[PDB]
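Those protein sequences? They're chains D and F, same order as listed.
Under PDB author numbering, residues 99 to 420, 422 to 439 are what the first sequence spells out, in order.
For what it's worth, PDB author numbering labels the leading residue of the second sequence as 4, then goes sequentially.
No residue lacks a Cβ here, since even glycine has one placed at the ideal position from N, Cα and C.
Comments concern the structure below.
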Amino acid sequence: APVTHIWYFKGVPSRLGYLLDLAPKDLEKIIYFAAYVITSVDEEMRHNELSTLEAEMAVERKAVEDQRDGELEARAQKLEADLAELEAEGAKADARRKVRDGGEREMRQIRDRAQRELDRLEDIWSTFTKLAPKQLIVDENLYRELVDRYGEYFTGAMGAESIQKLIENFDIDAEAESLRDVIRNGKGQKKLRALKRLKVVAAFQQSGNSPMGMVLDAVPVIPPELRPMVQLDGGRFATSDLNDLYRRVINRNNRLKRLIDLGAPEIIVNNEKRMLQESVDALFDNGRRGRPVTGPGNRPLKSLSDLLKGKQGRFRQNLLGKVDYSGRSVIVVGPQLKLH
Amino acid sequence: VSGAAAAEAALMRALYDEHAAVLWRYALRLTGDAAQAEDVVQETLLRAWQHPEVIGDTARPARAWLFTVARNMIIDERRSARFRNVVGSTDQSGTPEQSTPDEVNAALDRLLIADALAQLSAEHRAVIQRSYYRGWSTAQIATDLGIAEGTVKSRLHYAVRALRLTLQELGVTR
DNA sequence: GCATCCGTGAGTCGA
DNA sequence: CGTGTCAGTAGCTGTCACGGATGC
């Protein structure tokens, strides 16, 4: 399953959020299987069938309301009959008040159970009417209903493959010139946010490299001598953390292959793709998003990017400073020595 | 129908929503690694999907079966493969870094061997550089140089002793 | 349109 | 291999200045 490079999603500012004009939290919901996203919608087919679908939705709402009113009438008549019967039995009026409050509670519950269905239908119709690409649907049941009803009209997806599709269905030049039109004449409050977006987009435009590189289909493995596994004098072994990260990536990817072969339920496959995403994220920059993958003893494992960061990174530790033919010893004053 | 196939996915999602987090907490205590607890949860629910006998009866607690399966998985992880490797990390402090010795002795020996090689005939040198530097067989050198088998044998036999002569004349330790 | 919050940095060399 | 009554982290905030993207 495709995966996103954590450097361009979680790294501030979010490069993907600047390219697709998507908010960082919305992108976080998309990648890690918390909200679906609409990749495409056949707007002309929706227009040519809007009247029929509207009539069908109205008929469904009318049927819901009719069922509600019938059930409410039945319950109210049963309540009145029960009160008359308990009056014929001669029970005290306070017990009749108890039965009355119970009946009113039941009728309230029925009316609310119907109103919730009416509101669900209202939201379904409203979402399908105003459906456009790059829209997010955090409610999973709402998206399920949308696919069950108007699945012929739109296409949506989750995870990183959805963002891959969005990058594929993205006009670089058109978005660049739209940002330029906003930049030429605009209010600074809303113009600076477009200036930085253009800074991100014009690079992909001019350079000639596709933004698709931000989503990975294959991940490279560093040669083994740079992540060596040594043997200990006690017979046991000690390996590099990069080996553990690569191993977890491999494990979850093979499990995902098993789930794809077996046709496992979509819940398991999606929850596995999320774990594969987090594993690649830990391999490249562990701890960048959320809590870091801890090894034995609650110690955060070092990532690939950790090989280059700070004073202990490759640059400052092995490039800016390194030597043979050298020594050191305690110093002692020598008055008889000449200055040279 | 197709709804019959969708009902199974709905059922799996329901058992997810009711047991996944608690099973994750249990596996998290037994292992101490959250990334391992997620794997245990995925595998346990996968085995739950493969056993309709556990998902059939709702009046019987499937949570206990899930905990038992997770416990067995976790104890299976705790054997040989973990036994040997799980101990040390190179990034972790307290582990000595690997080192390689210097090539001083090898370079000096190479220099002396080159000097002793220069004082050999073109034939003997071209044979010892094909037997020891290229690692060919006797018949391979005989085929390349267009000479006899015993010829290569004798050339090697003498060139070895000539190099020994030169080295002992220069004081090379036996 | 602005308060919130996230992520960045924080001496060098030693046995 | 099969698995099936409760069965649920350790640890921890005793850093801070500062800037700007992120968010109600």
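In this structure, what does DSSP give as the bridge partners for residue i?
i: residue 255 of chain D; result: D:135
i: residue 335 of chain D; result: D:329
i: residue 445 of chain D; result: The structure shown does not extend to residue 445 of chain D, since chain D spans only 99 to 439, so no value can be given for it.
i: residue 234 of chain D; result: D:135
i: residue 429 of chain D; result: Residue 429 of chain D pairs with nothing; no bridge assigned.
i: residue 197 of chain D; result: Residue 197 of chain D pairs with nothing; no bridge assigned.
i: residue 245 of chain D; result: In the DSSP output, where bridge partners are listed per residue, residue 245 of chain D has none listed.
i: residue 403 of chain D; result: Beta-bridge pairing links residue 403 of chain D to no other residue.
i: residue 101 of chain D; result: D:314
i: residue 92 of chain F; result: D:337
Assuming residue i is part of the alpha helix (DSSP H), what are its boundary residues?
i: residue 13 of chain F; result: 5-34
i: residue 53 of chain F; result: Element bounds for residue 53 of chain F: n/a, residue is neither H nor E.
i: residue 386 of chain D; result: Element bounds for residue 386 of chain D: n/a, residue is neither H nor E.
i: residue 81 of chain F; result: Unbroken run through residue 81 of chain F: none, as it is neither H nor E.
i: residue 295 of chain D; result: 286-305
i: residue 131 of chain F; result: 125-134
i: residue 105 of chain D; result: 104-107
i: residue 175 of chain D; result: 148-186
i: residue 156 of chain F; result: 152-172
i: residue 276 of chain D; result: 270-282
i: residue 119 of chain D; result: Run containing residue 119 of chain D: none; DSSP gives neither H nor E here.
i: residue 412 of chain D; result: 412-416
i: residue 147 of chain F; result: 141-148
i: residue 62 of chain F; result: Neither: residue 62 of chain F is in no alpha helix (DSSP H) and is coded neither H nor E.
i: residue 229 of chain D; result: Element bounds for residue 229 of chain D: n/a, residue is neither H nor E.
i: residue 112 of chain F; result: 107-121
Does residue i come within less than 8 angstroms of chain F when only Cβ atoms are used?
i: residue 250 of chain D; result: no
i: residue 406 of chain D; result: no
i: residue 330 of chain D; result: yes
i: residue 364 of chain D; result: yes
i: residue 247 of chain D; result: no
i: residue 275 of chain D; result: no
i: residue 256 of chain D; result: no
i: residue 359 of chain D; result: no
Any beta carbon from chain D within less than 8 angstroms of residue i's own beta carbon?
i: residue 103 of chain F; result: no
i: residue 41 of chain F; result: yes
i: residue 16 of chain F; result: yes
i: residue 80 of chain F; result: no
i: residue 84 of chain F; result: no
i: residue 45 of chain F; result: yes
i: residue 33 of chain F; result: no
i: residue 90 of chain F; result: yes
i: residue 68 of chain F; result: no
i: residue 2 of chain F; result: Residue 2 of chain F falls outside the range modelled here, since chain F spans only 4 to 177, and no answer is possible.
i: residue 29 of chain F; result: no
i: residue 95 of chain F; result: yes
Closer than 7 angstroms by C-beta to residue i: which residues in its own chain qualify, once you throw out the five before and the five after it? Chain order, please.
i: residue 411 of chain D; result: 405
i: residue 278 of chain D; result: 296
i: residue 197 of chain D; result: 180, 181 and 184
i: residue 315 of chain D; result: 100
Among residues of its own chain, excluding the 5 on either side of residue i, which ones have a beta-carbon nearer than 8 angstroms to its beta-carbon?
i: residue 129 of chain D; result: 102, 107, 257, 258, 261 and 375
i: residue 93 of chain F; result: 100
i: residue 235 of chain D; result: 133, 134, 135, 136, 225, 241, 244 and 254
i: residue 123 of chain F; result: 131, 162, 165 and 166
i: residue 299 of chain D; result: 116, 117, 270, 273, 274 and 277
i: residue 82 of chain F; result: none
i: residue 294 of chain D; result: 111 and 116
i: residue 168 of chain F; result: none
Once the 5 residues before and after residue i are set aside, which same chain residues still bring their CB inside 6 angstroms of it?
i: residue 142 of chain F; result: none
i: residue 146 of chain F; result: none
i: residue 385 of chain D; result: 398
i: residue 280 of chain D; result: 292
| request: Assess, as a yes-or-no matter, whether the segment 350-368 of chain D is touched by the segment 118-133 of chain F under the definition of 3 or more beta carbon pairs within less than 8 angstroms. | output: no
| task | Flag this pair as touching only if the segment 215-222 of chain D and the segment 153-169 of chain D have three or more C-beta atom pairs under 8 angstroms; answer yes or no. | result | yes
| query | Is the segment 317-324 of chain D touching the segment 78-86 of chain F in the sense that three or more CB pairs, one from each, lie closer than 8 angstroms? | reply | no
| Is the segment 7-20 of chain F close to the segment 40-60 of chain F, with three or more CB pairs under 8 angstroms? | yes
| Just checking, does the segment 140-158 of chain D make contact with the segment 197-207 of chain D on the three C-beta pairs under 8 angstroms criterion? | no
| message | Contact between the segment 52-71 of chain F and the segment 107-122 of chain F is defined here as three or more beta-carbon pairs at a separation below 8 angstroms; is this criterion met? | response | no
| said: Quick check: the segment 279-295 of chain D against the segment 305-312 of chain D, are at least 3 beta-carbon pairs closer than 8 angstroms? | reply: no
| Does the segment 6-14 of chain F touch the segment 25-38 of chain F, meaning 3 or more C-beta pairs lie closer than 8 angstroms? | no
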